[PDB]
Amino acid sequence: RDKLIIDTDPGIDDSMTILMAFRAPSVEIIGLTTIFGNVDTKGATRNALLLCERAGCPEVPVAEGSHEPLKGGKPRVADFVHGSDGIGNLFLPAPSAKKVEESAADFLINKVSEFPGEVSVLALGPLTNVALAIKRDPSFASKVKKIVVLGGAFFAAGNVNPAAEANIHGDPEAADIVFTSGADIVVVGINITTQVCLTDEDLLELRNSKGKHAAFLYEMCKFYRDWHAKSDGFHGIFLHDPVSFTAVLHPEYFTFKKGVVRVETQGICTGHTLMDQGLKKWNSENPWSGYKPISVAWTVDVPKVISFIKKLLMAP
């Protein structure tokens, strides 16, 4: 079993991912670390604790992270995407399970130091906790096995505005710290995940399936689906976070390109992710020079990824 920490802002697609992850036999979830984005950090913690209970694992530690980005200020949340409670307005009763005392940043540092080169991190929201752990401990990047990030828009439009994807826009400084940390990083941009969908028919197939969490997953996805229709004009949902989980277990369902990634932190392009492919010899040095390259998902085998996601969601 491969040790995994999920850094997340649940979140409708985050919740689908977490529930899938608990059903994956090759994976050992050693903890959930929470962040803002789809909902405030407190709302993310509440949902993560509820997901642990729903999965029959209330013993799995939940470590609350940062309430704001590194630059500060109360963050704007995607409630128009994920609902007021972050899970499509189900307004569920409060969990009995409680979060651990330590912060998400401290939990990440402790578990990575406890098991060097063994713990993988799946980043599903803004990268604040991951950046805090990199800054607080300089050996973190050498001790973490792999960091799989759902974030960015590589040579494609963003989803917050034309320039930026939501997770990166949520904390641009944190994303730039993570992408230049020298750790073994895999980034999956929305240029990849918007190709991997569940249509209205696929969602109905989920409702009618014998899946353990089928009824709950369908109720959540109703609000998520309606946003895609109003904004993207698509009758269904984009599987952003489940696709990044698929890259953890089955990287062979994708192709990757190596290259230095930088994040714009100011101006009209705040949150924009840009990769230097290294196929052109520049005349002079630039902000992409001297850093260690990372892996950027380039193509996706959509039927294989959809088959893997559907089998986990529809498992009894």
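Residue numbers run from 1 along the displayed sequence.
Inset, instruction - Pick between 243-251 and 265-273: the one whose mean CA B-factor in the entry is higher. - result: Comparing 243-251 with 265-273, the higher average CA B-factor belongs to 243-251.
Inset, instruction - Would you tell me which stretch averages the higher CA B-factor in the PDB entry, 9-17 or 296-304? - result: Mean C-alpha B-factor is greater for 296-304.
Inset, instruction - Tell me which of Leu217, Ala166, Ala131, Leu122 tops the list for C-alpha B factor in the record. - result: When the deposited C-alpha B-factors of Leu217, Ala166, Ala131, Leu122 are compared, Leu217 is largest.
Legend entry - Top residue by Cα temperature factor, when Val186, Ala157, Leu127, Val196 are compared in the entry: Answer, based on the entry's C-alpha B-factors: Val196.
Inset, instruction - Name the third of the chain's ranked CA B-factors that contains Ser26, choosing lowest, middle or highest. - result: CA B-factor rank for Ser26: highest third.
Inset, instruction - Would you check the entry's CA temperature factor for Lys74 and let me know if it's in the chain's lowest, middle or highest third? - result: Ranked within chain, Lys74 CA B lands in the lowest tercile.
Legend entry - CA B-factor placement of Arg207, once the chain's modelled residues are sorted into thirds: Highest third of the chain for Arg207's C-alpha B-factor.
Inset, instruction - Please rank the C-alpha B-factors of the chain's modelled residues and tell me whether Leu32 sits in the lowest, middle or highest third. - result: As the PDB entry reports it, the C-alpha B-factor of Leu32 lands in the middle third of its chain.
Inset, instruction - For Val39, return the chain-relative third of its C-alpha B-factor as stated in the PDB record: lowest, middle or highest. - result: Answer is lowest: the recorded C-alpha B-factor places it there.
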